[PDB]
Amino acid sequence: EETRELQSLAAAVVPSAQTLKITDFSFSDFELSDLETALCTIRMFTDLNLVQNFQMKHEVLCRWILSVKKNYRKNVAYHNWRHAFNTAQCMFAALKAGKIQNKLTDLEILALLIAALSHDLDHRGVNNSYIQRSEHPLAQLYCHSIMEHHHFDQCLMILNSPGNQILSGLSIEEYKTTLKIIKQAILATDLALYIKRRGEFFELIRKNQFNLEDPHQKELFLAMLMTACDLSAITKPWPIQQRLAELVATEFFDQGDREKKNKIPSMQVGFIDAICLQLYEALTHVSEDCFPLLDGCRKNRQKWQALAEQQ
């Protein structure tokens, strides 16, 4: 029953951020039920003052969260609701604990939270070609970042569904700006785009020319931040990361129409060196308080490498 789930969520009391541990970069969701993750998501919107600043009605926000959750496929090992929820939690932590909140506007924070939660909507698994083959054949080269555009379309449809319009409170101009930031935020989760633009971000930091005051770099930062949250499972405490790596490995090797372990340690070390280390280092420079993400990433590299050499 769906309306029953909505009834329960809407009537439930929302515990504090401290009680939910959502401010911790080390946050984990394994012990939480779907209902509990939904309550954590409400707390994120609430504490970031989005519910107040944009006059969201409780029942609407609840319905929206449940529609979002419902549109991820639980049969997919990694790209599912829990990943999206975790990505948003990391965004929340980076904003609060990481003190990034003060460097952005309310509309940017609103867009980021929604994007984090919506960035992988309807994902069918890295080894699934359905979404791509269901579009205009040579559709891969025309509308590039095909998956991300799909995720955004899904995000937008939910945002416009009756009873789910959490942005109805914004003015038309506020709305167009938010939608634009949300779209860019989601497109940014395409690693191909991350690898294409990260160089500029890194370059701007070396020369100490990074300036969030100019729109170009702010947009570049939001894109880098989204990626940082999207890959944050790589920064978790060793016992947690070991588990999240299992999920990634399952989707990569076992799923796609559904020894393995040995491939995992080297895969995670390669992933960290090639994609993660520089990003979290860069982020730490922008905000000293985001260090734990980097620290966590390093500790995990050490652990996986030790296994790679065989413990």
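The first residue of the shown sequence is 1; numbering continues from there.
Point to revise | Deposited residues omitted from coordinates between residue 258 and residue 259, as a class | key: The entry has 10 or more unmodelled residues between residue 258 and residue 259.
Check your understanding: Out of 69-77 and 84-92, which one has CA B-factors that are higher on average in the deposited record?
Key -> Result of the comparison: 69-77.
Check your understanding: So 58-66 or 280-288, which one's hotter by mean CA B-factor in the entry?
Key -> 280-288 has the higher mean C-alpha B-factor.
Practice item. From the list 213, 120, 174, 190, select the residue with the highest C-alpha B factor recorded in the entry. Key: It is 213.
Review point. Checking the entry, which one of 165, 140, 235, 178 has the top C-alpha B factor?
Key: Answer, based on the entry's C-alpha B-factors: 140.
Practice item. Tell me, lowest, middle or highest third: where does the Cα B factor of residue 202 rank within its chain? Key: Top third by C-alpha B-factor.
Check your understanding: Compared with the other modelled residues in the chain, in which third is the CA B-factor of residue 152?
Key -> Lowest third.
Review point. Which third of the chain does residue 108 land in by C-alpha B-factor: lowest, middle or highest?
Key: Middle third of the chain for residue 108's C-alpha B-factor.
Check your understanding: Mind checking which third residue 45 falls in for C-alpha B-factor across the chain?
Key -> Tercile = lowest for this residue's CA B-factor.
Review point. According to the PDB entry, is the CA B factor of residue 39 in the bottom, middle or top third of its chain, that is, lowest, middle or highest?
Key: For residue 39, whose C-alpha B-factor we compare with every modelled residue in the chain, the answer is the lowest third.
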